[PDB]
Structures are given as C-alpha cells and as structure tokens.
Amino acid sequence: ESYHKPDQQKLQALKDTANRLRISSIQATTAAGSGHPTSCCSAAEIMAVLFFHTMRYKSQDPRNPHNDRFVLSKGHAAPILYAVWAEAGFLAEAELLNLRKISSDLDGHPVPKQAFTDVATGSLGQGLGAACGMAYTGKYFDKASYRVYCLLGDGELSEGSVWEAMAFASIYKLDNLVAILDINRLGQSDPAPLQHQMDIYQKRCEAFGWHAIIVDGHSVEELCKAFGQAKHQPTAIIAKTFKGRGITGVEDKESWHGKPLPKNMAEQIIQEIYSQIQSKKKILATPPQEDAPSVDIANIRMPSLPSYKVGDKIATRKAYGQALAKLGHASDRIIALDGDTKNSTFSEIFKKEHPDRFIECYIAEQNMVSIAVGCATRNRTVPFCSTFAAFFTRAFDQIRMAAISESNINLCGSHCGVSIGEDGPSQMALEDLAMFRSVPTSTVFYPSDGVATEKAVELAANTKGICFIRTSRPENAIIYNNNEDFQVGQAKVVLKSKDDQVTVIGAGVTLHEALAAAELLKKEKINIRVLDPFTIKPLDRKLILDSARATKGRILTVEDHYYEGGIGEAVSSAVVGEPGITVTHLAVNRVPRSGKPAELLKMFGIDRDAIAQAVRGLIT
C-alpha cells in the first residue's frame, strides 16, 4: 500500500507514545527494583514508530500468522516491549507494574509464554538469525506479505552470530527484513567499540550486502520516512541514539546499564517526561493483509515401512538422508538445513528430491540453528538441521535458547565418536550426548541401524521439543526387521538367553561391537544380554532394570563418547540405589587421535575385545 505521510498531529502522537513508553519502562523497573530503563529509553521512538505507524498486526491476536513479526534482539529492553503491547490494548496497563514478579508472566527477558513473543531473547546476538528464519519463511514458504523487524543493540553487534545473519539475509535477498540498530554509544561496562562512528556501522552493513540508512533515532519523522521506503535488499536502519534518552542527568552516562531509578528519582523524572506529552489519546494499530496460507497440523507418517534387508550394510548417516528425503514426500512441512556438509551428512538426498525446501546455511552453525528456530515459529515448518555432531557445540547457546523459546526443531549430527577414523578429534563428537541431554526439552535418539534411523526421523518429526539424532560414519549391518515397532523411551533387547550373565548396553557402533563380543564369548560358553537403548533421553529404565535383574544385576555400558554426561552416566543415575544392581562403564577417556576406525575403537577401549574382557571381569 501507499506510504501514509504522517501529519504533524500524528507525529506528535508518536512522540507522546514514545514518552509514555519511557514512563512505563521506568515505572515498571523501579517497582521491580531491577531491570534496564536506560536501554528501553534509547529505543522509545523506534518502538513507537514501529508499533503505531510502520507495522501491520492484529493487536488482539499477536500470534496471528498474517502479522508482521517483531524480534527484540536486545531482550533486556523487555519492559518497553511489554509497554507497547499495553499501549496497543493487548496487555492490561496495571500488569506492567508486576514486571519480574513470580506472580506475573512479564519476566525479565521476553519468553514465549507471552503471546506477543515468538523467540526468547536475552542471550545477545541471536534475534537477527531467528528473524532471518521468519523472513525466509515469509518470502519463500508462506509467500505472504508480512515483514520482519528486528531491534538490536550496538554492544550486541560484537557477536559473530549477528554477522552470520547479515550475510545470510543478503545471500537470500530478504527484502522483507529490517534490522534496526540502536546505536546508543554504550554497552554494559564501557562504551561500545565504535561509539557514535555511524559511518563505520554503515560501511560494515553495506559490505555485508544490506541497504544501510543512518537516522536520528530520536526523530519520529526520520524514522517514519526510513521505515516507509521498501527496498530490494535487507535494510539496516542505523539509529543514532542516547542511552537513557529523556532521563535528565542519566542520558549518555556510564554506570547506568541495568540500574533502575530509585523511587524518589523516578517520581521526579516521570513528572518531567509527563510534562512533554501533549495529549493522552492513543494511536490504534493497523491490521495486516491476510494472505498467509493455511498449514496442516496433522501427524506426519512415512509413506511406507523402511525397505532395508536384515544383513545389508548401511551407515546411519546415509539412512538419515534417505529417511529425510522419504519423509519429505509425505509432508510439505518438512524443511532441511545444512552447513556446507550435505555430501557428508547425506542431507544432499533431500536437496536433490525437494530442492525448494532445502536451505544451504554455509559454514555458520550458530545461524543455522537460529534460522531453524525462526522457521518453526508459529508452526509454519518442521525443520531438520544437519552437520557433524561435533559442530553443534558451536551452536550450544542457540540450542539452549531454543529450549527457553519452547522451539520444536530437529537436529541430526553425523560423524559421532572415534569411529570416524582418520580425521581425528576435531571432527569427533564425544560430548554431544552430554550437551543435548542437558537441554531441558530434548529427546535424544541414537539409532543403531538403518531401520532405527528411519523410525527415529519419523518419531522426531512428530515429537515436540529439541530432538537430536546421533548418526554414525561406518557402515553397520541392518539388525532389525523393517516392521519392528519403535517408540520414544522404548529400548530393544537384541540378544538374550536364559543363562545371560551381564546386560551389555551399547548404541551405534558399540552396539555392533557388543554383538561381536557376544560371539567371541559364545566360544567360551558365556552368554550376554545385549540392549539397544534407541533413545538415550528418555531412557527405558524399566527394560534396563528387568534386563539387569535377569543377568545377576550386572549392567555394562559401552559408548563412543566421553565418560561424563553420556549413556553410562544416564544409566547410572537411573538405577543407582536399586538393590543388587551394579553398573560398569566403558567409554573414551581422553582426547583421541587419528587412525583407522577399528584401531581407534581398540585404542580407546570400546571395541568387541574390550567388551569381552569387561564381561569376563564382571563374572569373576
């Protein structure tokens, strides 16, 4: 639609709105006794113009799929976000004073229990990546008219994740995306490196492919104009502002980040700001054009059972790619993301069959996770990201925040453990189970053959939370019939007899080492029960205990992972205290080195011979 050039009365109303937003931010943080009023105050005109002139959204339905999106990347400015939603009529004005109380949902940083929040922020430098996912979805998946606005601080621009998102938005021509940079000169404990060198910020944004506009961030007129011109590139509004703007004696001063005003000072300051407001009448939000498509919410089912034959050899990494491509034929909601590793994770199979739903994220794992989080907001897509599991450690903070965001994303990490062989430890995932188990909403799948991998992909697609699938490089035999039923939290006993003397729990390559160890032990008339956990989180505690009680109470765990936080610790925590139950662990005890897969499994004590020796020791 045409830009509506505001008259002087509308401009004054926007100024009055910005000053109301300042007052509310001060009132709320003074009442709470904590918070960041000076960080809200630098953004007050930006927020007024965005919410009451530029954006299009349903004020009574913040999650509506047709709405423009707003991401508060500088999440500690939450009080001004709450204030705008009260100004728009969604939040009760009195509730603002309950900021940070245990009785309120207006928490210290935004979180998705709030209808107006899609992604939790608070860990700086992540909002723009989420916004890129929203804008990519809007332009290429929803094909809708909504736009995406992301407000960042200047200290926040020191985070490399921001520059990954900048580069992504220009690669993918996200002309529906606007980043607003609140260049208020100061960080938490010192000035931001570039201070008010606006030209340097402009050069950096232009070098990364954005259309960059320097504005006076306290001029509602310059802001209306800058937001009012759509571009053919992602657009950076570089706003020169002052921290604590409007707070006499505090504006542009250090020592005030995250410091509320004391009661006596708040009263005096609020009276000053209030005297600037010319009218109490509020501006109404403007609704969006309703062109986002419907999205089905039904269960996603594989079009057929797995087609593997017991005895055939396939690496679970390849079965992942085959299974994801197969699942893509069943539902248009499945999208795949990969970080320049598609040939090795086998997500290239999905790209070949469903190219319009594959997102190349390049060597930028932090941004890739944030893109997926953004794509999953409002349930618009069901994303599967992949790289080597070791490189998901690069995105741990994004994954941590994804759980705080209640996000439903699926991650597949390949090349786990020492069994990759010659590349050496930089490429070996040995802490990924520890990392993903510590994520509160996570489900951790560790499929041991191609059939289990296909079932894990199907289960993950239909499971809420952060789903992780750990895949492996070596080709192992198919051990499961393709009609075997798999469920989250349900383990499988793959070998048992009446005279079993220990239950051996393995997964992936160590499950096949355990089965080979059972064959070595058969020559010595020693039988062992072999258990495949399928999910490491949640663990099938009942089947583990019933197996243990059938094998003299003895459990041996063996895993291609470090000792801490892995399968062995998960099993020990589950069964500690149970009478007669003992647990013995085999794992990788130190940083590995290069060698053939079988040589490394032997060197680090997790191969069939190490398992057999541990079994004999338990019996004697």
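Rigid core (definition): largest C-alpha set, two forms, superposition within 1.5 Å. Throughout, we count residues from 1 along the sequence that is shown.
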### Query
Fitting on the core, do the C-alphas of 228 to 236 or of 72 to 80 deviate more in 7 other deposited structures of this protein?
228 to 236
### Message
Quick check on the record: does 474 to 482 or 430 to 438 carry the larger mean Cα temperature factor?
### Response
474 to 482
## Note on the structure
Comparing 296 to 304 with 386 to 394, the higher average Cα temperature factor in the PDB entry belongs to 296 to 304
### Query
Between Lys231, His109, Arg380, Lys253, where does the Cα B-factor run highest in the record?
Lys231
### Message
Maximum C-alpha temperature factor per the entry, among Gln114, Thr241, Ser219, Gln501, belongs to which one?
### Response
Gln501
### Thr29 - which third its CA temperature factor falls in, relative to the rest of the chain
middle
### Summary
Here the Cα B-factor of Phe445, set against its chain, lands in the third termed middle
### Query
By its CA B factor, does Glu564 count among the lowest, middle or highest third of the modelled residues in the chain?
lowest
## Note on the structure
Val591: C-alpha B-factor third of its chain, per the entry, is the lowest
### Summary
For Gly328, the third of its chain by CA B-factor is the highest
